[PDB]
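**Q** Give me coordinates for this.
(2 chains, ligands or ions: 2)
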Amino acid sequence: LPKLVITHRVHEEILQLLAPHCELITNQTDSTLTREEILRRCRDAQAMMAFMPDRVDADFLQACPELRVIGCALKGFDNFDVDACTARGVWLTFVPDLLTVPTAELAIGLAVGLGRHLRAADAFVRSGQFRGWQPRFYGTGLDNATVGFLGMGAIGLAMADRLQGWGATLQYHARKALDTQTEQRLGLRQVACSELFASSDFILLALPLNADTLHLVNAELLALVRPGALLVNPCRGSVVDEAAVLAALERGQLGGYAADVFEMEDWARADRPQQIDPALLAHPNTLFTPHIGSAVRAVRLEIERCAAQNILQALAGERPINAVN
Amino acid sequence: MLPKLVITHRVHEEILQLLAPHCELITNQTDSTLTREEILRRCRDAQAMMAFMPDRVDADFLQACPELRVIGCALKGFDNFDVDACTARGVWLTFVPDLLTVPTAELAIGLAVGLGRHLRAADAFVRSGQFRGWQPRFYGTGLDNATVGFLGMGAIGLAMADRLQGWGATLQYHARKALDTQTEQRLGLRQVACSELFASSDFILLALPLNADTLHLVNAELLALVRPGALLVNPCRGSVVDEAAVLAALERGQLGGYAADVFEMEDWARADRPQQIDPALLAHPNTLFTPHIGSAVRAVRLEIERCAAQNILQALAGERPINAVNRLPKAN
Ligand SMILES: NC(=O)c1ccc[n+]([C@@H]2O[C@H](COP(=O)([O-])OP(=O)(O)OC[C@H]3O[C@@H](n4cnc5c(N)ncnc54)[C@H](O)[C@@H]3O)[C@@H](O)[C@H]2O)c1
Ligand SMILES: NC(=O)c1ccc[n+]([C@@H]2O[C@H](COP(=O)([O-])OP(=O)(O)OC[C@H]3O[C@@H](n4cnc5c(N)ncnc54)[C@H](O)[C@@H]3O)[C@@H](O)[C@H]2O)c1
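**A** Numbers count the residues shown, from 1 in each chain, chains lettered A, B, ... in the order given. Ligands and ions are numbered 1, 2, ... in the order given. For reference, the structure is listed below:
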């Protein structure tokens, strides 16, 4: 039986699916294992199921000469040397875009949770202090607010779709303009970047991490915001300068920051932060999630099934449906 | 001689200015709620009252305030105000029919997402300093492809259905009256029986007033019907659900979760009301709570106060208040 290494915990159904066809070396824990431990497991493996924290470069592959396929439970290229894969005759597969929708859902949850002070609200009830309706605990809603999107691709559109009927005025800035018919359907108006930060009550980020988008949301752009403005980051940590965000919060100019992603997980950068600043983590005007954008059971199960089906295709000798090479 | 107006809770300065020409104001410009005893004392010789969520007006209250012409409520659900007793005393009762709807609807949906996505525990984890990167954790329930069931389909029910239009869910509802076909078609709403709603829904969103028919409607029997993992969200009134039965359903792991902006302990018109939220519910991990902040948006509260102020002025000027709940004799 061909050997398969699964680097992270999967649903038992996935183990049940693969076991008849593969000898399984599994990691049914919550932990990410060391690169050394992964290399050890994969040395004589014919297949790998890889997840977001996995990094595949030329060196990794050379140390796994029997590898025929890496089935990824993901969609991004950044961690995987596609050209080195083909060069060593290894199939690299990704999943179709099942991640955008749950992320967009979470982003809007984060906007409402941040605007309505949900962390502090829930803490107040849980503590036993609630004795009835009180005239305070004020927040900001979406109705009549201006929502600005920085970027307008897959998640930008998914979020704009889900804000239809919320009574907001939608605006965006993107490197590529939307076609006129989409703009009119969604009620989106294109604005300049400086204008987006100057005039938005909510700023929802919807852009990728590039050399040119690194720290795009910096002290200069944040200095433009309306006092009390809310910033939501479901994209990548490093499109934002987290130091500058924290300073804008402590100044009281930025009203809140919600994030699913953090500068510290963007490993390619030499002087990336090693953690999230404890003072950011302690700030009251925040709401955080541990990169759970696609953390919907049905979605995660389907992603894993896709990866698993792609691995079985490659092992049976055929070209996998979601082969990227 | 200006009519005396008792205002039980703090109001914006701009509302105090609109009323001051026509009324002597007996105010409570603190953050606190006064006792029953204190409110009765201030209203003894009052012509008007602006009441808020903590207020309760029964026959006994009105008997001790015989000069009252109007009670203007800054709320929509007037379950704690005895309408018939007001009418018997020739007192107008007014409410606010629409202004609370939208921020409450926004909140209800934010609660649904927060509850389904394990936001409380997820945030706590990041704040602990222990985040290292993606983990196969916090897998939850999203709206895409879910069955969303509404119990009640009035202003808040409709505002929520509106806000879910691009979310890829299957929307169904139970109400006392069906929506017309055209509205159902436009919003993708399918009418179902109550037990059907409870048996089939991934999310159950309550949008019902508190009355004798809805009192403990969401009871043990209905909760025994839910698909294991089902999420229940209550933005309306605490006592529409039996909190004891809800906790029990969470503890056996059948109900996947309960989110609530409102609590049984607030429903004063009940003789047997719980005096607190059960510490075991408050401590349960599969929850998400907010302290009756449905309409707590400054710009909205100002308009709510204004509506109530305007109704009170209309009554005091001798006309029929536009948002009167009851009807008094008027010269034709
Ligand atoms: N948190 C999560 O779980 C999660 C889930 C899905 C995607 N994401 C992340 O979200 C990001 C965006 O994803 P997507 O699929 O929408 O990307 P996309 O490529 O579909 O769209 C990107 C958009 O950003 C715009 N853009 C690029 N550079 C810009 C710039 N300098 N200024 C303004 N706009 C610019 C583009 O024109 C485009 O409109 C990705 O980096 C992805 O990794 C995160
Ligand atoms: N959390 C908050 O701050 C907040 C804000 C506004 C309203 N509320 C509460 O929410 C309630 C609903 O508000 P609304 O504006 O939608 O009220 P509404 O009167 O506009 O609509 C209530 C709906 O429930 C239906 N209904 C009544 N009894 C029913 C039953 N037994 N079975 C099925 N359906 C029934 C009615 O047919 C009506 O469609 C209010 O009465 C109030 O108690 C809370």
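
**Q** only C-alpha atoms for contact and neighbour calcs from this point on.
**A** Fine.

**Q** now the helices: where do they sit in the stretch 1-150 of chain A?
**A** Assigned by DSSP state H, counting those that start in this stretch, the helices in the stretch 1-150 of chain A fall at A:12-18, A:35-42, A:58-62, A:82-87, A:100-115, A:118-126.

**Q** Buried deepest among the ones you listed, which one?
**A** helix A:100-115 (a mean of 25; mean count of other C-alpha atoms under 10 Å in any protein chain shown).

**Q** Give me the distance from that one to the chain's centre.
**A** How far helix A:100-115 lies from its chain's middle: 12 Å, per C-alpha atoms, centre = their mean, to the nearest Å.

**Q** Just the CA atoms of that helix, as CSV, please.
**A** Written as CSV, here are the backbone C-alpha positions of helix A:100-115 (Å, rounded to 0.1, in the frame of the first residue of the first chain):
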residue,chain,number,x,y,z
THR,A,100,-14.1,32.8,0.1
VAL,A,101,-17.7,32.4,1.3
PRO,A,102,-17.1,31.4,4.9
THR,A,103,-14.4,34.1,5.2
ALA,A,104,-16.8,36.8,3.9
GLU,A,105,-19.5,35.6,6.4
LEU,A,106,-16.9,35.9,9.3
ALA,A,107,-15.8,39.3,8.1
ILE,A,108,-19.3,40.7,8.3
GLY,A,109,-19.7,39.0,11.7
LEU,A,110,-16.5,40.8,12.8
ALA,A,111,-17.8,44.1,11.6
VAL,A,112,-21.0,43.8,13.5
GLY,A,113,-19.2,42.3,16.6
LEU,A,114,-16.7,45.1,16.5
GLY,A,115,-19.2,47.9,15.9
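
**Q** and that helix, what does it pack onto?
**A** Other helices and strands packing on helix A:100-115, by 3 or more C-alpha pairs under 8 Å, 6 or more residues apart in numbering or on different chains; DSSP states H and E, are helix A:154-162, strand A:229-233, strand A:254-259, strand A:286-288, helix B:101-116.

**Q** of all the helices of the stretch 1-150 of chain A, which lies closest to residue B:297?
**A** helix A:100-115 (9.8 Å; C-alpha to C-alpha).

**Q** Not counting stretch A:35-42 itself, show me its contacts.
**A** The contact list for stretch A:35-42 (C-alpha atoms under 8 Å, 6 or more residues apart in numbering or on different chains) reads A:5, A:7, A:25, A:48, A:60, A:63, A:64, A:67.

**Q** how about stretch A:70-87, does it get close to chain B?
**A** No. Using C-alpha under 8 Å from any C-alpha of the partner chain, we find that stretch A:70-87 stays clear of chain B, coming within 11.2 Å at best.

**Q** Report the distance from that stretch to the chain centre.
**A** Counting by C-alpha atoms, centre = their mean, stretch A:70-87 comes out at 18 Å from the chain centroid.

**Q** ok so, going back, for the helices and strands packed on helix A:100-115, give me JSON lines that also has distance to ligand 2.
**A** Below are the helices and strands packed on helix A:100-115 laid out as JSON lines (distance: least, C-alpha to the nearest ligand atom, whole Å):
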{"stretch": "helix A:154-162", "distance to ligand 2": "22"}
{"stretch": "strand A:229-233", "distance to ligand 2": "23"}
{"stretch": "strand A:254-259", "distance to ligand 2": "23"}
{"stretch": "strand A:286-288", "distance to ligand 2": "22"}
{"stretch": "helix B:101-116", "distance to ligand 2": "5"}
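
**Q** out of those, nearest to residue A:44?
**A** helix A:154-162 (38.5 Å).

**Q** Figure out how far that closest one is from the centre of its chain.
**A** Distance, centroid of helix A:154-162 to centroid of chain: 14 Å (C-alpha atoms, centre = their mean).

**Q** who does residue A:50 bridge with?
**A** For residue A:50, the beta-bridge partners under DSSP bridges are residue A:72.

**Q** pretty sure it is in contact with residue A:75, am I right?
**A** No. With contacts counted by C-alpha atoms under 8 Å, residue A:50 stays clear of residue A:75, the gap being 11.1 Å.

**Q** Same drill for those two, tell me which one is more crowded.
**A** residue A:50 (23 against 17; other C-alpha atoms under 10 Å in any protein chain shown).

**Q** Let me know which of the helices and strands packed on helix A:100-115 is the nearest to ligand 1.
**A** helix A:154-162 (3.6 Å; C-alpha to the nearest ligand atom).

**Q** Give me the buried positions along that closest one.
**A** Using 16 or more other C-alpha atoms under 10 Å in any protein chain shown as the test for burial, helix A:154-162 gives A:155, A:156, A:157, A:158, A:159, A:160, A:161, A:162.

**Q** Give me every residue in the stretch 1-150 of chain A lying close to ligand 1.
**A** A:99, A:100, A:103, A:150 (C-alpha under 6 Å from any ligand atom).

**Q** for the residue nearest to the second one when sequence neighbours are not counted, what are its contacts?
**A** Setting aside the residues directly before and after it, residue A:100 is nearest to residue A:155 in space (C-alpha to C-alpha, 6 or more residues apart in numbering or on different chains), at 5.5 Å. Listed by C-alpha under 8 Å, 6+ apart, the contact set of residue A:155 reads A:100, A:101, A:103, A:104, A:206.

**Q** State the distance from residue A:155 to residue A:213.
**A** Residue A:155 is 16 Å from residue A:213, where distance means C-alpha to C-alpha, to the nearest Å.

**Q** isn't residue A:154 right up against residue A:100?
**A** Yes. In this structure residue A:154 lies within contact range of residue A:100 using C-alpha under 8 Å: 6.5 Å.

**Q** Could you work out the end-to-end span of stretch A:21-40 for me?
**A** OK, stretch A:21-40 end separation, C-alpha to C-alpha: 22 Å.

**Q** And that stretch, what's buried?
**A** Per 16+ other C-alpha under 10 Å, stretch A:21-40 contains these buried residues: A:22, A:23, A:24, A:26, A:32, A:38.

**Q** Give the burial count for the closest residue to residue A:323 other than its chain neighbours, as a bare number.
**A** The shortest distance from residue A:323 to any non-neighbouring residue, by C-alpha to C-alpha, 6+ apart, is to residue A:93 (4.4 Å). Neighbour count for residue A:93, taken as other C-alpha under 10 Å: 28.

**Q** who touches residue A:93 in this structure?
**A** By C-alpha under 8 Å, 6+ apart, the contact set of residue A:93 is A:69, A:70, A:71, A:72, A:307, A:310, A:320, A:322, A:323, A:324, A:325.

**Q** Just the buried residues out of the contacts of stretch A:35-42, in ChimeraX syntax.
**A** Selection of buried members from the contacts of stretch A:35-42 for ChimeraX, criterion 16+ other C-alpha under 10 Å:
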select /A:5,7,48,60,64,67
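
**Q** re the thing from before, which members of the contacts of residue A:93 define the maximum pairwise distance?
**A** Spatial extent of these (C-alpha to C-alpha) is set by the pair A:307 and A:325 at 15.0 Å.
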